[PDB]
Amino acid sequence: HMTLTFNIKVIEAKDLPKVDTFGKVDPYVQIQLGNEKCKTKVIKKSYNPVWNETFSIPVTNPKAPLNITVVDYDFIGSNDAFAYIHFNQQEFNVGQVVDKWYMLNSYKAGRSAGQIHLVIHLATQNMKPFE
Numbered sequence: 047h048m049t050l051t052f053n054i055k056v057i058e059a060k061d062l063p064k065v066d067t068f069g070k071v072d073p074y075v076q077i078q079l080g081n082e083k084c085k086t087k088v089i090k091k092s093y094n095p096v097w098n099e100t101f102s103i104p105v106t107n108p109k110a111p112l113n114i115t116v117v118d119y120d121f122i123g124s125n126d127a128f129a130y131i132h133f134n135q136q137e138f139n140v141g142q143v144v145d146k147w148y149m150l151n152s153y154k155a156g157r158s159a160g161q162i163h164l165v166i167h168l169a170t171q172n173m174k175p176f177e
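Right, here's the structure in full:
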């Protein structure tokens, strides 16, 4: 198959900042590739959340940037994104499994946003995800 898919495992994050009104942070991760968006579950009150959630996103637009954001779920207000990492799709080679910790960028400069642990595998449709 010629159609490519981004297989992304959102494993965990560490050292997230305190951003929620009623304590710590309630983090989830949103993955954006063009018009395609998906998100993890919310982990309650955790600076070192572990999600272990896997996504498979088809590449229909080869120019869309891959944008990964960490967001604080607010049960009584707007959910505020506080950190991101973004990639050109060509930063990943077809067939390569990249298992890495990334330093998160804070939207508000000068604050630490922690790190995120992702497995990213740009794959053809029959390749076993992450293998």
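Residues in the sequence shown are numbered from 47 upward in steps of one, following our numbering. For each residue, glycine too, the CB sits at the ideal point set by N, CA and C.
To the nearest angstrom, how far is it from the Cα of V96 to the Cα of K146?
Your numbering for residue 96 matches position 50 in the sequence shown. Your numbering for residue 146 matches position 100 in the sequence shown. The alpha-carbon atoms of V96 and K146 are separated by roughly 15 Å.
Are the Cβ atoms of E99 and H163 separated by less than 7 Å?
Counted from its first residue, the sequence shown places residue 99 at position 53. Counted from its first residue, the sequence shown places residue 163 at position 117. Taking 7 Å as the Cβ cut-off, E99 and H163 do not qualify as a contacting pair.
Of the residues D120, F138, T115 and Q135, which one's Cα is nearest the Cα of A127?
Residue numbering aside, residue 127 sits at position 81 when the sequence shown is read from its first letter. Among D120, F138, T115 and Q135, the Cα nearest to that of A127 is on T115.
Looking at the structure shown, is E58 part of a helix, part of a strand, or coil, going by DSSP?
Here residue 58 refers to the residue found at position 12 of the sequence shown. Correct three-state label for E58: strand.
Selection from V143, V56 and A110 that minimises the alpha carbon distance to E82
Position 36 of the sequence shown, counted from the first residue, corresponds to residue 82. Among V143, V56 and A110, the Cα nearest to that of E82 is on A110.
Taking 7 Å as the cut-off, decide whether the C-beta atoms of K91 and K64 are in contact.
Along the sequence shown, one-based indexing puts residue 91 at 45. Along the sequence shown, one-based indexing puts residue 64 at 18. No.
Just to confirm, are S152 and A129 a CB contact at a threshold of 7 Å?
Counted from its first residue, the sequence shown places residue 152 at position 106. Counted from its first residue, the sequence shown places residue 129 at position 83. Result yes, Cβ atoms of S152 and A129 sit closer than 7 Å.
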